[PDB]
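Okay, so here's the structure we're looking at.
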Ligand SMILES: CNc1ccccc1C(=O)O[C@H]1C[C@H](n2cnc3c(N)ncnc32)O[C@@H]1COP(=O)(O)OP(=O)(O)O
Ligand code: BEF
Ligand SMILES: [Mg+2]
């Protein structure tokens, strides 16, 4: 039992190291500390100041420099007793303030303990280095173990979900959120690995293997190197791991959301386009290249712009193999693989099209190589394509007349074509995989949601509003959940909004919210960003409290979200809402000779939305997701990025705290701390504090009696504590004081 084996990797990597003695006595000290900001120029940077004296109303402490300051007792961030340093659950801290919470996390992270509970949450800080805690051997130890029986780990929460599912006969969910680069995807993969192991059909698993192999496929197509993460997920996902009544994996399903189609045509400097582009061009056999008109990334417009074509310590060609390998396992026919790659090629081809002017104002294609190349790979007719691009037929009422688009318009059209192809292929890939894995007859499921938390960037656009909208919903679901769960707990022992307004501002029907207004402007071909933003301010500036019209910007607006105010820019929202593609182009592609291509334009389930707008579909999909969640027993993982540089051993208070503020961890604690944060099992209490009362012995039968003895001895303030059927409930700071009590 590595759990009992203080020499195991289990103890080494998941636990705070334990010495010989446990004796209350060791941890003894006269000093009493406080956390203070070594200056409010900061606020997240704190220092430990020893309290040198106090008044009936405040404290006076010394600083690091030796400077003596004073603080209101009522404003003081008391430091928890050293014994509390490193606890596995922040719910165990007596003093539940910000700096204190950060401090526990940091003490843990300093020992490479990246997982910590906070009440209902599992907090996970990216180590930005390898920690060998995800082995089969580590898998093995979390089997059937209670949360309180093993160290914090993603495996642990995974096991608890699996057990609850079987014991309660209730579906489960794991919501894994946080910023880009926080560790969501990695943690998601671990949940699945874990489940695959505890519930897979042993012997050697085919379905299991296919389930495992779907990720890789999806990541090649939906993941890219960004400035925040080398393997950034540019789509959100909800994976449903399906089980039969026996608790064995019976299948799975994947739901994808918000794929960043725009990255296909444009990438910021240092970033890359989707991985597959590089995989194909590196891994294609000199023979497939020829057949694909493939060259180097530098030869491609869509890949030669960012300046970055490789990922440190990443072999595209080696990855291509892995990719093709997975497609094989899942079950992509060579023929299908061919066409997917052809689509990939084609898109690269479309990007190399260079529209020219002169003649007049309308665009011309002096050179058609690229065109020819895309047409071939795609299996469409070049001339048709050609005209569909520059001379699309447009409906002027009764009139359907071809228009001669200029360069920019021609260019944008081409871009829209590429984005549609890519999004549709991605959707097709998903469905293909679901076909393989998905079971119409499942008994139970454990769903994992891997999606960004709130996004507050330099520039916030429509996709940002979407994600933040989802986030308000998940936060509200958390709050509701925390509410019942806390109530139930109090009930089993015998004890004691705002999200709506924001949600309504965005998704309301009457009065209409942001999305309803957006949709409305959507029917008007001539509407503009200016008409839209004016309408939004018209309805909400000084009229809706969660809304703010900027002092000078004419193109932005602010929303007061759970995580704070977010300023959104309205440019192109109209276009984004419609996601238009010229009919001619649809017509062109519908006639493709390619087996896969045909599906993308011919299968309405793929080729279309319903038509509803992008906003309406987003809202709908979010509502279905929440509906599903509502039916589950949920578990929450908050992934935290330690800094903005992708470095290990560098936990930045400011970076971290901001995350704790936005993600609900601190709020949760604020709330918790208001009641009876500390809840201790009778025997546990006595075991540690028996010696504080001339009366009680370590292991006593009447533990509750024994508890009251110490308390009584100590003469603790009654309203400071609460006798529960099996635990002693303590208000904030109580236990710390007691800890502070002489033997
Ligand atoms: C296949 N993997 C990649 C492929 C290409 C380049 C980098 C990576 C990528 O995974 O890079 C990773 C891996 C690393 N990481 C996260 N959690 C941990 C963990 N506990 N231990 C160690 N590292 C962690 O941090 C990066 C970001 O994690 P992530 O899970 O992709 O982030 P997100 O929250 O955006 O999904
Ligand atoms: F970049 Be991570 F997938 F949010
Ligand atoms: Mg990810």
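Chain A is numbered as in Swiss-Prot, which gives 2-205, 209-500, 508-621, 627-759 for the residues shown.
Determination method: X-ray crystallography, 1.9 Å.
Even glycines carry a Cβ here, placed using N, Cα and C.
Feature annotation from Swiss-Prot assigns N6,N6-dimethyllysine to 130. Residues near residue 130 (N6,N6-dimethyllysine) in space but far in sequence (CB under 8 A, at least 6 apart, same chain), listed by position: 664, 665.
Annotation source Swiss-Prot lists ATP binding site at 179, 180, 181, 182, 183, 184, 185, 186. Its own atom aside, the Cβ of residue 182 (ATP binding site) has 22 Cβ atoms within 10 angstroms in the protein chains shown.
Annotation source Swiss-Prot lists region 'Actin-binding' at 638-660 (among others).
Same-chain residues lying 6+ beyond the ends of the region 'Actin-binding' (738-752) with a Cβ under 8 Å from its Cβ atoms: 79, 81-82, 85, 95-97, 496-500, 689, 691-698, 701, 720, 723-724, 732. If you look up Swiss-Prot, you'll see 738-752 (among others) marked as region 'Actin-binding'.
Among the binding-site residues 179, 180, 184, 186, the ones whose Cβ sits under 6 Å from an atom of ligand 3 are, in sequence order, 186. For the region 'Actin-binding' (638-660), same-chain residues at least 6 beyond its ends with a Cβ under 8 Å from one of its own Cβ atoms are 110, 119, 121-129, 155, 158, 161-162, 165-166, 169, 171-185, 188, 232, 242, 259, 451, 453, 457, 473-474, 477, 481-482, 485, 666-668, 671-672, 675-676, 679-681. Within 10 Å of the C-beta of residue 185 (ATP binding site) we count 29 further C-beta atoms, all protein chains included.
The Cα of residue 205 and the Cα of residue 209, which border 3 unmodelled residues, are 7 Å apart. The 6 Å Cβ screen around ligand 2 retains 181 from the recorded positions 130, 179, 181, 184, ordered by sequence position. In sequence order, 127, 233, 456, 655, 657 are the residues of the same chain, not among 179, 180, 181, 182, 183, 184, 185, 186, whose CB sits within 8 A of the CB centroid for the ATP site. Sequence-distant neighbours of residue 186 (ATP binding site) (same chain, 6+ apart, CB under 8 A from its CB) are 223, 227, 235, 237, 454. According to its DSSP assignment, residue 186 (ATP binding site) is helical.
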